[PDB]
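**Student:** Structure here, sequence nowhere to be found:
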């Protein structure tokens, strides 16, 4: 009723899945409803990048051009002449949601097809990487291109960040990046209690799609993996971060 209340208040659809890995308790609300995953895919993309490369390997310098810079490139646009290491690209992608960073990493790992193949390998049958940024944000209701579900994103994120799709040093790298995300302050972070660490990746796409996926680290006890996905009825709809923050609060109350 609380999630439905938020949907009502924000004229939005909520997609929620949370797993407290310390109790195996779950919170679900339209967990299997598809949403354009938007930039949350960047987290899973770095996960695959990390699976593919030694930590040292991430020091490879990637040269790119202005062709690669499409819309939102806060970091990559500044280093277009000097290039960026894969690590620096991962940093930009995760922490600034740098689209060109995501695209260059996605190319590095073998493209959307390779990302999808690696997600199927980990048993994510639902996430459908098809396109680069910002093209992947163009998802209509009912279309499955570049979509996933809260359950699938949580399950996949957990696999890379917490489970065994990455060795510990790489998991730590992925977690450190997401912990130091700069784009998520008003989302999942705005809905956790004090002293809870959040490692998150935000996204926003067409139809007022506004997403945040996270691993949340309580003061005591094991991490909670959470996806809060939202979409609205109208193509050019604006989103309200407050919905994600409020939905996160409901999750945390349920897990308490």
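**Tutor:** Yes, it's here. Numbering: from 1, shown residues only.
**Student:** With adjacent residues omitted, what lies nearest to residue 183?
**Tutor:** residue 202 (4.7 Å; Cβ to Cβ, 6 or more residues apart in numbering). For every residue, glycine as well, the C-beta is placed using N, CA and C.
**Student:** meant to ask about residue 145
**Tutor:** Per Cβ to Cβ, 6+ apart, closest to residue 145 is residue 130, 4.4 Å.
**Student:** For beta bridges, what are the partners of the residue lying closest to residue 207 once chain neighbours are set aside?
**Tutor:** Distances taken as Cβ to Cβ, 6+ apart put residue 231 closest to residue 207, at 5.0 Å, once the chain neighbours are dropped. Beta-bridge partners of residue 231, counted by DSSP bridges, are residue 13.
**Student:** wait, isn't residue 231 in contact with residue 13?
**Tutor:** Yes - contact between residue 231 and residue 13 holds when scored by Cβ atoms under 8 Å: they sit 5.2 Å apart.
**Student:** what is in contact with the two at once?
**Tutor:** residue 35 (Cβ atoms under 8 Å, 6 or more residues apart in numbering).
**Student:** of these two, who's got more company?
**Tutor:** residue 231 (25 against 19; other Cβ atoms under 10 Å).
**Student:** do you know how far the more buried one is from residue 140?
**Tutor:** Applying Cβ to Cβ, to the nearest Å, the value for residue 231 to residue 140 is 10 Å.
**Student:** any idea which element residue 210 lies in?
**Tutor:** Assigned by DSSP states H and E, residue 210 belongs to strand 209-217.
**Student:** which helices and strands sit right next to that strand?
**Tutor:** For strand 209-217, the packing partners by 3 or more Cβ pairs under 8 Å, 6 or more residues apart in numbering; DSSP states H and E come out as strand 35-36, helix 150-161, helix 168-179, strand 197-205, strand 224-231, helix 241-254.
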